[PDB]
Structure formats: C-alpha cells, structure tokens
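One structure below.
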Amino acid sequence: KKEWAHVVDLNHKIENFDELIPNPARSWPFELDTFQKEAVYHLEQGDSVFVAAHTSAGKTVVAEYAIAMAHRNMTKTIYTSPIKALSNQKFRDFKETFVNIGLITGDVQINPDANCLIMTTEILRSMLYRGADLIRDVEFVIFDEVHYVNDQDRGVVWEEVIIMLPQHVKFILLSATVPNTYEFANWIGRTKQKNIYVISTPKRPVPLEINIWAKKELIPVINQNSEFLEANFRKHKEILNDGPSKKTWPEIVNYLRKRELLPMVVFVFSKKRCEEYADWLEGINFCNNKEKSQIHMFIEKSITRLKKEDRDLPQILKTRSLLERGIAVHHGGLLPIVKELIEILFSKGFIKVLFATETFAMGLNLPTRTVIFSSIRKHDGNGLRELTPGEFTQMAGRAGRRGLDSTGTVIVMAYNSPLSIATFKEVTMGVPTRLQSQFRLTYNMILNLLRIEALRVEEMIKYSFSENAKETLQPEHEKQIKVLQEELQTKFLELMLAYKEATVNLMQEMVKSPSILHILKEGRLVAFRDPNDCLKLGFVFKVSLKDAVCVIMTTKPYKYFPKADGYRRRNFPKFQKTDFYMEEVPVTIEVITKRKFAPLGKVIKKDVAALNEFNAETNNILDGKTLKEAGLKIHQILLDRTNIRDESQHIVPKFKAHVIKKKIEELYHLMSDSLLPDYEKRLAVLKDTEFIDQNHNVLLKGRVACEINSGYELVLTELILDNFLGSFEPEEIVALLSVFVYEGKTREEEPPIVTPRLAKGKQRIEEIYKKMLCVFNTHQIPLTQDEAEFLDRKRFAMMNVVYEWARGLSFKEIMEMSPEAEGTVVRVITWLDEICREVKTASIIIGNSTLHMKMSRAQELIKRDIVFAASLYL
Ligand SMILES: Nc1ncnc2c1ncn2[C@@H]1O[C@H](COP(=O)(O)OP(=O)(O)NP(=O)(O)O)[C@@H](O)[C@H]1O
C-alpha cells in the first residue's frame, strides 16, 4: 500500500504552477520547463527528487534552486559528484551564480561555514564515517552524474553514502535519461523512508542530427525525430564503394567553417592521435589579432605563478602555439593547468576546433555546436570494440547548446570503407544504458564498520540496493512458483533427456571440425528436429560452417534409436511423406543415417529421371528398415552417450513434469545468489592474515588498514607494519609507494632501479603481494583484473621518476626520463601525497614517529611547482 517513490507522469502539467509557488527561492531569465517546475514544486513540499533528464534540458537549475533553499532556511546543501577533477569547476560555477559557498577537498579546504559545500562523494563518505558536526545542519544532498560509471574510479560510492545518511537529510539525484530510474528511486525511498519523486523529460530540447561524413559530403542518417534514414545511409555506402589522412581534417574543418557549424569537438580515443590530428591543421587560424592577444594575456596571467623552468615546458609552448590559433586538444596526458587553460578558453569562445578523448564528454560542462566521431570503436583493456549506446549518447549529447543552437550536429567519420549498418544502428540507436549498482565490499569498509560496531556490516548489506532488489524479486518468483506448483499438482526420462543433451553436445562438437563436411556430404539422409521439435527426415544439400546451418531436402513431422527394432516398432511407427522442400536447419540432427543419396540439384529441378529416382529411394527409406547410425572429444562424448544408452501418447505428462521440475528448480537457484558470501570469505581472509582475531575483534594491524582508503590496504599495511622501511630515505619510501597508484601499463622497457633499497623494496612488496594472493586463492575470493595482473604489469616503473622528483629535479628533467606523459606523472605524484598522509596517520597508530617524520618530509619534498599548481578555477 505504502509507496515512497512516485513517478511523475510526463503528460502531467502545472498550469497554476506560477501560483503554487508564492515566493520562489530563485527565478531565471527564461521560463522553466515542466520538469523543472515539478522538481521545484516537490522540493518545496519537503520531499526528495530523482531527475533523469535528457542532455541539454537544464538539470543544474534544480541544483541551484535547492541551494537557494539552503540560503533561505539557514540550512546546508552539500553538492557531490564522483568526478574529483570537476570539483574546482563546479565550485567556480556556483560562485559566479550565487553567495557564500565552500569547497572541501583532501588537502585544500575553503569557506566551510558556507550554506553550500562542494565536495566529492568520497569526501562525503569520509565525513560520514568521521561523524562530522556540520552534517547535523545539512538538509539537502545533491548526487550529480548518478549515471556515471567508471571501473577504474574508486569514488563512485553514492550508494554507501545514501545508506549512511541520517534520516533528516533529503536527496536530489541528478542523472541522464535511464530506463530503470524507478528501481533506484524506490530502493532509496523505501530504505530511507523518504518521499521521492521521479522526474524525467520527453526528449532533448536541443535536438540532435546524426550525419555521416563520406567523400567530402555530409549525409544525414538520423533526423531530429530519431528516425533512421535508410536511403541516405545506403547512399554513403554507395559513394564510398582506412582512417584519417593529412587532408581529412582540413577538409571537414573548412566545410563546417563555411557553414558556421563551429565550434567542433572531435572525439579521438588516443592522446597521440589527438595531437597528431591537431598538428594536421597546420596553416589554419581562427583568431584575429585582438583574440591572439587576449589569449596570450590569459595564458601569461594564468601561469605567472610557476617558476620559469615550468613556464617553458614543451607541452605548454606547444599548447600555446595551438591555442593562439583557436585550436586545441584535450586528454589525460596534459598537465592539469594546461587542461584548465584549454577548458576556460574553450568555454569563453576562443577555441573552434578541439580534439578530445572520451573523458572530456563525461564531467565537464562544455557543450559544443558540432560533435564529430573520428571512430565509433574504442579500445578498452579488453581490446577494440564498438562504443556502447550510453557512451555514444554521452559524447554525441554534447553537441547541442541550448539558447545558442537550433540543433546539435553530430557527425560520424567514414574514410575509405563504408560503416556497417548493424554496428552503426547498435551504437547510435541501441538500448539505453541502465543504472547499475556500484556498491562493493572492501577490507577497509569491513574493518572500519567492524571496528565501529559488530553488526554494522550486516546492516550496511541489509540496506544495499542488491538486497532490496532481491526483496523486490522474491514475491514475483513466489507467484511464478505458485502457478508452477499448482500446474503440476493438477530414470528413463533422466537418461533420455541426458541422451538428448549428449546428442546435442556431440552435434555441437562436430560443428567445429571441418571433418563434418565428410559426414554430411550431399545426400546424407538424416533425422532431425524442426523448430517445433518434430522428428523429420531429409537429405543434406548444403553445409555452411560459417553460419553453422545446413540446407536440407526434407518427410512431414511425426506429431527412435540406432538399431532398435522392437523399440522402433512400438515407439516409432511409419512416418509420413510430403512434397520435398529446401529447409534451413541448425546442426545442433538427432541421428545420421547410413543411407546416402547418389545430385539433389537435379531433384530441385524436378527432372523426371531424378524425380523417379528420388520417389523410389524415399519410398524405400520410409517403407521398411529402421534407422542405423553412422576427434577425441566426440569419442568420450560418444562413450558416455553409449553408456547412458546401455543404461507415443503417454510420455506427454512425464515430459510436462520434467519441464516443470526444470522451471521450478531454475526459479529456486534464482533466489540463492550475494554480498554475505563475499563478506564471509573476506572475514576468513582478514582472520588468516591477522587483521582481526578469531572473535572478529579488530587488531592493531586492522586499525592501520582502516586508515588506508586507496585500494591495497592489506599489502600496504603489511609493508609499513614492521621496520623494513627503517633504513629507507623519505625520497625512497615515497618512490617505492608509487606502485600502489600507478597502473604500470607503460609500453617501454624498465631501466635499472635507481637505488638498491628500492630494488629490495620492490622485491619485498612483490613477496607480500604473492602471499596475499595465496590467501585470496585459498578462500576462493574473486579478483579484479587489476588485482590479478598486478604483478604481471610494470607497476614499479615510476619509482625512478618519483625519486628524482623528491630529490628536487625540475619537471623538465623528470619528463626527459619519464616512461609516462605529464598528466600521469602528475596523477601519480599528487596521489602519493594522499598516500603519505594515510601512512602518517597509520604511523601514529603504529607508534612509529620516525616513519611519521619521514612521510611529512616526503610530502614536503614532492609538494611543489607545476605538479601542485593551484587550480585556475579557484
Ligand atoms: N528552462 C530553460 N530555458 C532556457 N534555457 C535553460 C533552461 N534551463 C536551463 N537552461 C540553460 O541551458 C543550459 C542547461 O544545461 P545544464 O544545466 O548543464 O543541464 P544539462 O544539459 O542536462 N547537463 P548534462 O545533461 O549533463 O549534459 C544552461 O546553460 C542553462 O542556462
């Protein structure tokens, strides 16, 4: 009866809305869309909202409203998103929109006494665990980019956060259009006992047009009404009938320029190729003198902080070169400050051509007039594969600027060969991506909750999305089993069914080895099952292993077993005949008879001769005899089958009962398997390695691990627990620690480790990790590919860089010896600061003040220059 999540009908309207709101906490130059009105309304009622709105609709408006309320009730509104890189920006967007707002990061903290705070989800979780005091004064928590999914991002923890939030906190979840919003809104509302209204939109306010660029021509293939244009696509194919060349970009750039479809963002899934393509625009310029000067001034003003040695970095000079001509690239290889320059200049209208990797499309709020896909295929750790509809929608959706563009232009590049239609339709018009739960158990979480209170973990698991999902399913499967249990209420089968499965198995097995084409030579009379599973007989005519389908000349369906005379007589009487037809049949054929027909093609023509022959043969085959049958896998399979072997109008019921048993048995397991198993395993793991004792008390070791929130808490704890690091220099320690924050995917050969101790340290960590893996294996706990291949990658490749950096080398010299691009160097080194902080705290717990001192020293050594430059957004 009681519902906590309420779906707001799209057909619903608020004509008297302007009257319902007496004193709107905020107003805008424009007129709010119905969904925004819904949002504001339900917010003012004192309820929660889950807004899943198309790209270009204006979700931020709901965020600003909320905030406003916080400034009207002396309450606090915390804004959160999983994307840390986008904290500084959002913090600047609100400052320029509203007026005290703060910013909470790991090291930097600005204006905490504000009625609004910007922070990542992790920081919020952290504050929750901490039990911060300001949370008692928080009324609204905004969860932005709820649809954000990233496997390599450990900060997507809004579920844990929502579970942990106190009862007096109301929610505002912002998301792209997803199909399963109600699920999560219902979990939230039910689990939190909160009225939450699910709000969405019918379509994109700024409609997209999807085009293909082929042979210097722009061809529409999906119109504003999302209709696929077959003729045009075929046209592209025909025109063409294989990647960017030197003339590619100048040509399309020039084409779009004459037609004023700029600025353009070109998505390129490769940093190198971004830069290459950008370089291919040599001699093209979009900036007049004043613009060049403004840009120069902005850059000069922005980097004046840095030392001269950093201002003159090659990447900076090259970037300036591009920027002063209205061109840029955007990718993870760039120094943050450079990224920021590019972003700020792009948002202000100084950049007309931007080549960007996928990241640019996710967080950043920088829409463009035109979006181009250099390719709709991207390589992920798995390899090369087509983009998913969600990704394509995410990138393509950037192409419409509400208020500036009538429409958003999206272009897919074709080069020398046509794009496949299935691929293209799957990528551009595939089923929209669903919200998935990101909630996982970690040792850190378990140790912390366990340290807090005995059954906190169980409680956390009870209130998770998975559990609630299981709860939602339970009754459904109950009714299904009720119908089945009642439906039924109103050895032969085992061996037989097994025999069927065995024959199917063997058949599937024979479909791999070409040798089959010898057994299924044109004319091989066989008894097979049609789609309706009716036994029939026919001669083989074609064998396409590529499609694994055989064309047969067919005996009407019979609505046996090799060498089963009596069994045949009793079970299988004479079959019926029917005009021969060519039927396509799947290999997975109940029996391959010894009978072979001497050309069918002549029977297909109905030549009197072949006709008579066929008639006689068929009549003969259908008249008398009973069917006779006739690698290493097929051998064993056949053996087992024969073992089972040695082992008409009445089998219907039994068969039905079997079907039932299968269904029910199936619906049973469907309620068996999920966090509790993992949890038990993890407890076992923590018990074996002594983070907790036999009674599940958290030991000192576990209290140390509680402080490491970076991913490899157990191994790191193990590393720092004793005094192996006793004779290491701060530089050496921070150098060695880089292994826990570097993917180690460099495609270059590792040079000699710069010091002996570092080599020893690598050895030590490797050993620790091996042991830990052994323990993971013992308790059959599933590993992520990273955990698994950890040692198979070059994770230690950054030790030298970090060492030399801690020694005082300039970034220039650092880069001259780095196996990774600037951005990654900065990523590693900036993460190491946090690592050092964690280790400091840990050392406090351990009582090792020397280690503490060293870590402080390391922080002091690495925390400098362009690597730690203040954000341009602040
Ligand atoms: N009701 C409105 N009428 C006219 N303009 C609006 C309206 N609402 C928002 N805008 C403007 O259009 C833009 C809205 O974009 P935004 O706030 O980021 O939502 P969004 O497009 O859905 N973000 P995202 O989906 O992640 O890409 C802002 O620049 C607003 O100024």
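Following the order of the structure tokens, chains are lettered A, B, ..., residues in each are numbered from 1, and ligands are numbered from 1.
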Please identify the residues whose atoms come within 8 Å of ligand 1, using only C-alpha atoms and all ligand atoms, and report them as a VMD selection string. chain A and resid 30 to 33 36 53 to 61 145 175 to 176 362 to 363 365 367 394 397 to 398 401 to 403
Can I get the residues of region 649-742 of chain A within 9 Å of region 807-828 of chain A, each with the closest pair of atoms and their distance in Å to one decimal, using only C-alpha atoms, sorted chain first then ascending number, as CSV?
residue,atom,partner,partner_atom,distance
A:731,CA,A:807,CA,6.6
A:738,CA,A:828,CA,6.7
A:741,CA,A:828,CA,6.0
A:742,CA,A:828,CA,6.2
Please identify all polymer residues within 12 Å of residue 579 (chain A), counting only C-alpha atoms, omitting same-chain residues fewer than 6 positions from it, and present them as JSON, numbers by chain. {"A": [538, 553, 554, 555, 556, 603, 604, 606, 611, 614, 615, 618]}
So that I have them on file, write out the residues from the current selection with N, CA, C and O atoms, as a PDB file, in the first residue's frame.
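This went into result_11.pdb:
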ATOM      1  N   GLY A 538      15.416 -36.061 -43.881  1.00  0.00           N
ATOM      2  CA  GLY A 538      15.770 -35.364 -45.107  1.00  0.00           C
ATOM      3  C   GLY A 538      17.218 -35.550 -45.521  1.00  0.00           C
ATOM      4  O   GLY A 538      18.043 -35.998 -44.727  1.00  0.00           O
ATOM      5  N   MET A 553      17.018 -31.190 -47.929  1.00  0.00           N
ATOM      6  CA  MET A 553      15.850 -31.547 -48.715  1.00  0.00           C
ATOM      7  C   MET A 553      15.025 -32.535 -47.897  1.00  0.00           C
ATOM      8  O   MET A 553      15.398 -33.702 -47.752  1.00  0.00           O
ATOM      9  N   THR A 554      13.917 -32.049 -47.345  1.00  0.00           N
ATOM     10  CA  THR A 554      13.070 -32.851 -46.470  1.00  0.00           C
ATOM     11  C   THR A 554      11.994 -33.588 -47.258  1.00  0.00           C
ATOM     12  O   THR A 554      11.576 -33.141 -48.325  1.00  0.00           O
ATOM     13  N   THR A 555       9.636 -35.913 -45.791  1.00  0.00           N
ATOM     14  CA  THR A 555       9.093 -36.462 -44.555  1.00  0.00           C
ATOM     15  C   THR A 555       8.478 -35.372 -43.688  1.00  0.00           C
ATOM     16  O   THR A 555       9.187 -34.538 -43.126  1.00  0.00           O
ATOM     17  N   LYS A 556       7.154 -35.386 -43.583  1.00  0.00           N
ATOM     18  CA  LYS A 556       6.452 -34.466 -42.700  1.00  0.00           C
ATOM     19  C   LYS A 556       6.780 -34.808 -41.253  1.00  0.00           C
ATOM     20  O   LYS A 556       7.159 -35.941 -40.951  1.00  0.00           O
ATOM     21  N   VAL A 603      17.067 -33.014 -58.630  1.00  0.00           N
ATOM     22  CA  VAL A 603      15.779 -33.218 -57.982  1.00  0.00           C
ATOM     23  C   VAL A 603      15.126 -31.870 -57.700  1.00  0.00           C
ATOM     24  O   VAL A 603      13.901 -31.755 -57.679  1.00  0.00           O
ATOM     25  N   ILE A 604      15.954 -30.852 -57.485  1.00  0.00           N
ATOM     26  CA  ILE A 604      15.462 -29.496 -57.267  1.00  0.00           C
ATOM     27  C   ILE A 604      14.829 -28.940 -58.539  1.00  0.00           C
ATOM     28  O   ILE A 604      13.970 -28.060 -58.481  1.00  0.00           O
ATOM     29  N   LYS A 606      13.327 -30.993 -60.676  1.00  0.00           N
ATOM     30  CA  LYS A 606      12.166 -31.852 -60.885  1.00  0.00           C
ATOM     31  C   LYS A 606      12.267 -32.641 -62.188  1.00  0.00           C
ATOM     32  O   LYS A 606      11.252 -32.959 -62.807  1.00  0.00           O
ATOM     33  N   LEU A 611      13.463 -37.321 -60.458  1.00  0.00           N
ATOM     34  CA  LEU A 611      12.197 -37.372 -59.736  1.00  0.00           C
ATOM     35  C   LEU A 611      11.837 -38.812 -59.391  1.00  0.00           C
ATOM     36  O   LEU A 611      11.609 -39.144 -58.227  1.00  0.00           O
ATOM     37  N   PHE A 614      14.289 -40.278 -56.917  1.00  0.00           N
ATOM     38  CA  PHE A 614      14.023 -39.727 -55.591  1.00  0.00           C
ATOM     39  C   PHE A 614      12.794 -40.369 -54.958  1.00  0.00           C
ATOM     40  O   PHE A 614      12.826 -40.779 -53.798  1.00  0.00           O
ATOM     41  N   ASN A 615      11.708 -40.446 -55.721  1.00  0.00           N
ATOM     42  CA  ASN A 615      10.474 -41.054 -55.237  1.00  0.00           C
ATOM     43  C   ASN A 615      10.719 -42.479 -54.758  1.00  0.00           C
ATOM     44  O   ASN A 615      10.360 -42.838 -53.635  1.00  0.00           O
ATOM     45  N   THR A 618      13.070 -42.541 -51.606  1.00  0.00           N
ATOM     46  CA  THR A 618      12.327 -42.041 -50.455  1.00  0.00           C
ATOM     47  C   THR A 618      11.327 -43.078 -49.964  1.00  0.00           C
ATOM     48  O   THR A 618      11.316 -43.431 -48.784  1.00  0.00           O
TER      49      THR A 618
END
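Coordinates place CA of residue 388 (chain A) at a distance of 5.7 Å from CA of residue 427 (chain A).
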Can you check which residues of region 231-474 of chain A DSSP gives as alpha helix (DSSP H) on the backbone and send them as a ChimeraX atom specification? /A:231-240,248-258,271-279,289-303,308-311,314-323,336-347,359-362,389-396,421-429,443-452,456-462,465-474
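What separates CA of residue 715 (chain A) from CA of residue 743 (chain A) is a distance of 16.1 Å.
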Enumerate, in order of chain and increasing residue number, the residues of region 607-721 of chain A with an atom no farther than 12 Å from region 469-473 of chain A, each with its shortest atom pair and distance in Å to one decimal, counting only C-alpha atoms, as JSON lines.
{"residue": "A:667", "atom": "CA", "partner": "A:473", "partner_atom": "CA", "distance": 11.0}
{"residue": "A:670", "atom": "CA", "partner": "A:473", "partner_atom": "CA", "distance": 9.5}
{"residue": "A:671", "atom": "CA", "partner": "A:470", "partner_atom": "CA", "distance": 7.5}
{"residue": "A:672", "atom": "CA", "partner": "A:470", "partner_atom": "CA", "distance": 9.7}
{"residue": "A:673", "atom": "CA", "partner": "A:470", "partner_atom": "CA", "distance": 9.3}
{"residue": "A:674", "atom": "CA", "partner": "A:470", "partner_atom": "CA", "distance": 9.5}
{"residue": "A:675", "atom": "CA", "partner": "A:470", "partner_atom": "CA", "distance": 11.6}
Skip residue 755 (chain A) itself and residues of its chain fewer than 6 positions away, then list as a ChimeraX atom specification all residues within 12 Å of it, counting only C-alpha atoms. /A:728-729,731-733,735-736,761-762,799-800,803-804
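Between CA of residue 562 (chain A) and CA of residue 627 (chain A) there is a distance of 5.8 Å.
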Excluding same-chain residues fewer than 6 positions from residue 730 (chain A), what lies within 7 Å of it counting only C-alpha atoms, as JSON, numbers by chain? {"A": [854, 855, 857, 858]}
Could you give me, as an MDAnalysis selection string, the residues within 12 Å of residue 368 (chain A), counting only C-alpha atoms and dropping anything in the same chain fewer than 6 positions from it? chainID A and resid 56 206 208 261:267 346:349 351:354 360:361 395:405 407:410
Same residues, N, CA, C and O atoms, saved as a short mmCIF file (atom, residue, chain, number, x, y, z; two decimals), in the first residue's frame:
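Final file, part_19.cif:
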data_model
loop_
_atom_site.label_atom_id
_atom_site.label_comp_id
_atom_site.auth_asym_id
_atom_site.auth_seq_id
_atom_site.Cartn_x
_atom_site.Cartn_y
_atom_site.Cartn_z
N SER A 56 20.85 18.63 -22.18
CA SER A 56 20.51 19.95 -22.72
C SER A 56 19.17 20.46 -22.20
O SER A 56 18.59 21.39 -22.76
N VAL A 206 17.30 20.72 -27.28
CA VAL A 206 18.09 20.98 -28.47
C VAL A 206 18.31 19.65 -29.18
O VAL A 206 19.18 18.87 -28.79
N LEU A 208 19.26 16.52 -31.66
CA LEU A 208 20.47 16.12 -32.36
C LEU A 208 20.15 15.71 -33.79
O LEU A 208 19.07 15.19 -34.07
N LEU A 261 29.18 25.75 -38.58
CA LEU A 261 28.86 24.67 -37.65
C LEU A 261 29.94 24.53 -36.56
O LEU A 261 30.06 23.48 -35.93
N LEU A 262 30.72 25.59 -36.37
CA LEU A 262 31.74 25.63 -35.32
C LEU A 262 31.18 26.30 -34.06
O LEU A 262 30.22 27.07 -34.15
N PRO A 263 31.80 26.04 -32.90
CA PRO A 263 32.99 25.20 -32.70
C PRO A 263 32.70 23.72 -32.83
O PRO A 263 31.55 23.29 -32.76
N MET A 264 33.75 22.93 -33.03
CA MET A 264 33.61 21.49 -33.17
C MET A 264 34.50 20.74 -32.18
O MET A 264 35.68 21.09 -31.98
N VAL A 265 33.92 19.73 -31.56
CA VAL A 265 34.68 18.82 -30.72
C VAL A 265 34.79 17.49 -31.46
O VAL A 265 33.79 16.88 -31.82
N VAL A 266 36.02 17.05 -31.70
CA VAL A 266 36.28 15.77 -32.33
C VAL A 266 36.75 14.78 -31.27
O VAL A 266 37.80 14.98 -30.65
N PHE A 267 35.96 13.73 -31.04
CA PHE A 267 36.35 12.72 -30.07
C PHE A 267 37.29 11.71 -30.71
O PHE A 267 36.97 11.09 -31.73
N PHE A 346 38.07 27.42 -24.06
CA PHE A 346 37.00 26.83 -24.87
C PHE A 346 35.64 27.36 -24.44
O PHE A 346 34.81 27.71 -25.28
N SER A 347 35.41 27.43 -23.13
CA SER A 347 34.11 27.89 -22.64
C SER A 347 33.85 29.36 -22.97
O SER A 347 32.70 29.79 -23.01
N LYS A 348 34.92 30.12 -23.20
CA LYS A 348 34.78 31.55 -23.46
C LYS A 348 34.72 31.88 -24.95
O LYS A 348 34.61 33.04 -25.34
N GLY A 349 34.79 30.85 -25.79
CA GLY A 349 34.59 31.01 -27.22
C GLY A 349 35.85 31.23 -28.04
O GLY A 349 35.76 31.65 -29.20
N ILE A 351 38.13 28.86 -28.79
CA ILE A 351 38.58 27.64 -29.46
C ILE A 351 37.50 27.09 -30.38
O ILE A 351 36.36 26.86 -29.96
N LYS A 352 37.86 26.87 -31.64
CA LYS A 352 36.90 26.48 -32.66
C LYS A 352 37.03 25.00 -33.03
O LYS A 352 36.07 24.38 -33.49
N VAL A 353 38.22 24.44 -32.84
CA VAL A 353 38.45 23.03 -33.08
C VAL A 353 39.17 22.40 -31.90
O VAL A 353 40.32 22.73 -31.59
N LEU A 354 38.47 21.48 -31.23
CA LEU A 354 39.04 20.78 -30.10
C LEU A 354 39.05 19.27 -30.35
O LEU A 354 38.00 18.68 -30.59
N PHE A 360 36.54 14.03 -21.75
CA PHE A 360 36.04 15.38 -21.94
C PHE A 360 34.52 15.45 -21.96
O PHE A 360 33.93 16.47 -21.60
N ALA A 361 33.88 14.36 -22.37
CA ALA A 361 32.43 14.35 -22.55
C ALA A 361 31.68 14.06 -21.25
O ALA A 361 30.50 14.39 -21.13
N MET A 395 28.82 11.22 -25.43
CA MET A 395 29.66 12.08 -26.27
C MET A 395 28.84 12.91 -27.26
O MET A 395 28.99 14.13 -27.34
N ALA A 396 27.98 12.24 -28.03
CA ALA A 396 27.13 12.91 -29.01
C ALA A 396 26.22 13.96 -28.37
O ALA A 396 25.92 14.99 -28.98
N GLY A 397 25.77 13.69 -27.15
CA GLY A 397 24.90 14.62 -26.45
C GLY A 397 25.51 15.98 -26.14
O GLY A 397 24.79 16.90 -25.75
N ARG A 398 26.82 16.11 -26.31
CA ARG A 398 27.48 17.39 -26.04
C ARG A 398 27.23 18.40 -27.16
O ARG A 398 27.57 19.58 -27.03
N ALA A 399 26.62 17.95 -28.25
CA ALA A 399 26.57 18.71 -29.49
C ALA A 399 25.51 19.81 -29.55
O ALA A 399 25.41 20.52 -30.55
N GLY A 400 24.72 19.97 -28.49
CA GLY A 400 23.66 20.97 -28.50
C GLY A 400 23.76 21.98 -27.38
O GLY A 400 23.71 21.62 -26.20
N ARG A 401 23.89 23.25 -27.75
CA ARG A 401 23.95 24.33 -26.76
C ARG A 401 22.62 25.08 -26.71
O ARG A 401 22.32 25.90 -27.58
N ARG A 402 21.83 24.80 -25.68
CA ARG A 402 20.52 25.41 -25.52
C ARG A 402 20.62 26.93 -25.46
O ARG A 402 21.32 27.48 -24.60
N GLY A 403 19.92 27.60 -26.37
CA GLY A 403 19.94 29.05 -26.43
C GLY A 403 20.87 29.57 -27.51
O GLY A 403 20.73 30.70 -27.97
N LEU A 404 21.84 28.75 -27.90
CA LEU A 404 22.82 29.14 -28.91
C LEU A 404 22.64 28.36 -30.21
O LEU A 404 22.95 28.86 -31.29
N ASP A 405 22.13 27.14 -30.10
CA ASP A 405 21.99 26.27 -31.27
C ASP A 405 20.55 25.82 -31.47
O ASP A 405 19.88 25.39 -30.52
N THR A 407 19.92 23.30 -33.32
CA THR A 407 20.09 21.86 -33.28
C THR A 407 21.55 21.51 -32.98
O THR A 407 22.44 22.33 -33.17
N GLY A 408 21.77 20.29 -32.50
CA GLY A 408 23.11 19.80 -32.26
C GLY A 408 23.54 18.89 -33.40
O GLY A 408 22.88 17.90 -33.70
N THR A 409 24.65 19.25 -34.04
CA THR A 409 25.13 18.49 -35.19
C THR A 409 26.14 17.43 -34.76
O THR A 409 27.18 17.74 -34.17
N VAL A 410 25.82 16.17 -35.06
CA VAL A 410 26.70 15.07 -34.73
C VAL A 410 27.15 14.40 -36.02
O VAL A 410 26.33 14.13 -36.90
#
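Excluding residue 500 (chain A) and any residue on its chain fewer than 6 positions from it, the residues at most 10 Å away by only C-alpha atoms are residues 494, 506, 590 and 641 of chain A.
When only C-alpha atoms are used to compute distances to residue 750 (chain A), the closest of the residues A:233, A:424, A:796, A:541 turns out to be A:796.
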In region 210-278 of chain A, what's strand (DSSP E) per DSSP? Answer as a PDB file with C-alpha atoms, in the first residue's frame?
ATOM      1  CA  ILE A 210      23.290  12.363 -36.822  1.00  0.00           C
ATOM      2  CA  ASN A 211      25.263  12.619 -40.055  1.00  0.00           C
ATOM      3  CA  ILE A 212      27.975  10.657 -41.826  1.00  0.00           C
ATOM      4  CA  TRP A 213      30.964  12.339 -43.463  1.00  0.00           C
ATOM      5  CA  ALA A 214      31.883  10.476 -46.642  1.00  0.00           C
ATOM      6  CA  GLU A 217      29.921  15.211 -48.256  1.00  0.00           C
ATOM      7  CA  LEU A 218      27.783  15.486 -45.118  1.00  0.00           C
ATOM      8  CA  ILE A 219      24.907  12.989 -45.151  1.00  0.00           C
ATOM      9  CA  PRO A 220      22.067  12.959 -42.603  1.00  0.00           C
ATOM     10  CA  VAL A 221      21.257   9.453 -41.343  1.00  0.00           C
ATOM     11  CA  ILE A 222      19.301  10.159 -38.166  1.00  0.00           C
ATOM     12  CA  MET A 264      33.609  21.488 -33.172  1.00  0.00           C
ATOM     13  CA  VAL A 265      34.681  18.816 -30.724  1.00  0.00           C
ATOM     14  CA  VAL A 266      36.278  15.770 -32.326  1.00  0.00           C
ATOM     15  CA  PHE A 267      36.346  12.715 -30.073  1.00  0.00           C
TER      16      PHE A 267
END
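Closest approach to residue 147 (chain A) from the set A:566, A:189, A:179, A:202 is made by A:179, with distances taken over only C-alpha atoms.
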With the cut-off set at 10 Å and counting only C-alpha atoms, tabulate each residue of region 114-196 of chain A with an atom at most that distance from an atom of region 7-20 of chain A, showing the nearest atom pair and its distance in Å to one decimal, ordered by chain and increasing number, as CSV.
residue,atom,partner,partner_atom,distance
A:181,CA,A:7,CA,9.3
A:182,CA,A:7,CA,7.2
A:185,CA,A:7,CA,9.2
A:186,CA,A:7,CA,9.9
A:196,CA,A:7,CA,8.8
